[PDB]
RNA sequence: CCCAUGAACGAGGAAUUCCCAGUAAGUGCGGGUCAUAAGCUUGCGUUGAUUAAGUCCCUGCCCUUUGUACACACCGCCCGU
């Protein structure tokens, strides 16, 4: 469970029967830099920084 | 009136075509009328690839694939959104979607 | 009430001589209590094991069913029981604009083993072909199937089981069929798809030992 | 949204094509000149038109835009249209010619010409894309 | 009790993951398949019909299976997943993916991955009528 | 003479790293000698997040319909017993200050699934700011319930507020409720 | 308005209306009605903000295709002793 600092590249939008979860895409900084995606709750600004405390959480899309 | 020139099937120059069963309902639909998909997916979803690759005994194992032939009746294929109703002019198009 | 793994011994099952890897895994069996004998519970159990785990320089989509024949020194000695291909490999080969030709022969070796070999082959599209579908006509298919059966019989009826499996390990029969039938219709992926044994000669302990080196 | 309606778009376009000379880039100057040369009956609309003309000059300073036909850019473009190279591209000393076209030329009473180098035709008859 | 031979290598068993749409099975057995190490389904983990085939029940069963295999000596598994097969559906249920991922993530090593669902050379009539099922 | 407040100073509190200032950020005009900077924190999103941590903790406690937003309460509370404890301590509150809350904090929350079903929630995280502030809001509720129908009152928990404020270890209560929910939701990872 | 004679004295059947920042809500004040007649309404300030900067799930709308035996237009039409 490593704390990894990643940069937001693109924010998808909201999901739910009424809308309750927010999709973003994050690129790592020092882990053989690549891009993954993850869902997230609450305000996450334009191009802010995410903390991937775990390197395996993937969010299902649609 | 006649909605389609081929009657929505691929039967030309023969009388009877053996029927198959829709993969969802098991409806009897002629093999040429049925909507056929050929899914070639990874046995491991792209989300679960990393764990099984890390836990793999054999380096460079290349995980196998699931090959499935899916037959759909028109009702189930419409409901599953595999096909959609199209306009009178766009109905004639036979080109598969670009994807 | 009773833990059943405290009364279960672990045995090692061995591959015959033709395979580089000798130990393929381990097997559980209950201790010899009462009427039941551990040497009777281990005389017909089959291991479907990939060839790549048997030969360090072979393909992974070839599975071999190896059957234990006798247990001594708490080691089970296996023998060739069958050959087959993984389902994913077989499904990856059946494409939709080519002819699939299947053949099979029942044939006995020179040690009495009776094998039913199934070979499969697929019509190859030429490198400059513009035609979408490469279909062999029915007489071409018949000729290819006759050649398949002739080659399989020629390879099996003369060699004993040891040399038959030696040929099966690199699929020499498939390559021979592919080379032969090039003049009828170019085939693409020729394989002895399956080998199943119908009857076997009466057990010879010395035969199995000589089989292991 | 800040979408500029047809009124401000058309006014800015006509303003920029008619008096491109006076108009510039700094909003204060665009507003001043727009008031001076355009009878705009509002002040908010005047600021909107000046802002869009500023955007259009940011557009023109980095290439031509299809909406306007200013005299200077069109003059440069037509100047480019009378371009003529020193040596015509049809002044080829040697022209590579296949057997069939040289047969045509011989049947054309033009066979004495020595400019046409008869080439080796391609031996493959593969020219149609595969089907599927 | 268990094989403590060649500690630096792997001990291989096989898990038969029967991922039906009703529920999911995780069945680790001897390499020959004759002797069974441990079987956990999705139904003995959850008290609900709808969650029997859920990924949660499959993950719980896979974790329990991996724990039992670790304590019993087995270190690696060959995956043999399979759907209902027969004339019925050939698509593995929702529990296959989660169960396999949880086996990978629970201190186990994956060997060879195969699909062994039955595919008839042709079958009998399916449980529906000629008009299918209409709900 | 650029010392923050009258008793701290910014010339020595350094982390030699310019990326861990997500909680204490005193390097520019945003520094306050007294959090009563007035203003609004609901005009547009991310402007409640751009509140300083101190002012968010001191204000956000405004709830019920009678003490709703009356900034005089927040400023009087943060002045009272603060003026007292600064002289009566002598030592540094830094230890507890930091080491209860600002790494009591959880590391995930949960969100809705599919199109129906209210029997479990899928585990997601946030960039630690939103999670930490939701924990702070529930800790405000907890400080209420430790005052509301209880013994220890409001405007005497300045130790607990400093605990809620500063930087980096784990001792909380509402946050361990949040961590129990953490584990419950993470049972789906 | 003053004597403090004590009223489940600390978030509420089914069904639920209104509301996104000086929102809501708490308050009072001025007009319309009129005898300084308001508990209504129309405005005005003072105190003042927890939640969401989303989606089409419910209700409903719209720049498309599609089906119809409806056109009094789906609260239609219509079948059956």
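Quick look at the values:
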read-out: Convex hull of chain A built on C-alpha atoms - directionally averaged projected area, nm²; value: 4.2 nm²
read-out: Fraction of the pair-distance distribution of the range F:4-187 above 28 Å, Cα-Cα pairs, percent; value: 29 percent
read-out: Residue F:1-residue A:17 pseudo-label distance in nm [points 7 Å out on the Cα-to-Cβ vector]; value: 6.6 nm
read-out: Calculated FRET value between residue E:70 and residue C:43, using beta carbons and R₀ = 30 Å, to 0.05; value: 0.45
read-out: Two-decimal log10 I(q)/I(0) for the range C:6-213, as the Debye equation yields it once each C-alpha is a single scatterer, q = 0.17 Å⁻¹; value: -1.13
read-out: Förster radius 25 Å - calculated FRET efficiency between residue B:69 and residue B:7, Cβ distance, rounded to 0.05; value: 0.60
read-out: Cβ neighbours within 10 Å from other chains - mean over E:86-98; value: 3
read-out: More than 52 Å apart - percent of Cα-Cα pairs taken over the protein assembly as shown; value: 46 percent
read-out: Relative pair counts by distance (%), Cα atoms of chain E, 10 Å bins; value: 13, 39, 29, 13, 4, 1
read-out: Cut-off 17 Å (backbone N to label point 7 Å along Cα→Cβ of residue F:40), residues of the range F:50-70; value: F:50-51, F:69-70
read-out: Cβ neighbours within 10 Å from other chains - mean over B:18-27; value: 5
read-out: The range B:26-81 versus the range C:113-179: alpha-carbon centroid distance in Å; value: 30 Å
read-out: Residues of the range F:46-85 with amide N under 13 Å of the 7 Å Cα→Cβ point at residue F:8; value: F:52-55
read-out: Per-selection metrics, the range F:113-189 (Cα): Rg and Dmax in Å; value: 15.3, 47
read-out: Cut-off 20 Å, label 7 Å out along Cα→Cβ of residue C:127, residues of the range D:104-132 by amide N; value: D:122-131
read-out: Principal axes of the range D:1-120: Cα extent on each, largest first, Å; value: 78, 32, 21
read-out: C-alpha long axis of helix D:6-18 to longest principal axis of chain D, angle in °; value: 70 degrees
read-out: Over the range F:83-131: Rg over Rh, Cα atoms, Kirkwood Rh; value: 1.33
read-out: Calculated FRET efficiency for the pair residue F:186/residue C:200, C-beta based, R₀ 35 Å, to 0.05; value: 0.05
read-out: Relative contact order (%) - criterion: Cα under 8 Å, at least six apart; region: chain B; value: 28 percent
read-out: Rg to Rh, two decimals, where chain B supplies the alpha carbon set and Rh follows Kirkwood; value: 1.13
read-out: Rh (Kirkwood; distinct C-alpha pairs) - the range F:52-101, Å; value: 12.6 Å
read-out: Share of pairwise Cα separations in the range C:12-70, more than 14 Å, in percent; value: 58 percent
read-out: Inter-chain shielding of F:107-117 (mean C-beta neighbours from other protein chains, 10 Å cut-off); value: 5
read-out: Chain E: angle of helix E:95-105 to the longest principal axis, Cα-based, in degrees nearest 10; value: 10 degrees
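Here, each number is a calculation from the coordinates, and none is a lab measurement. Please note: Cβ atoms are built from the backbone with ideal geometry, for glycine as well, and neighbour counts cover all protein chains shown.
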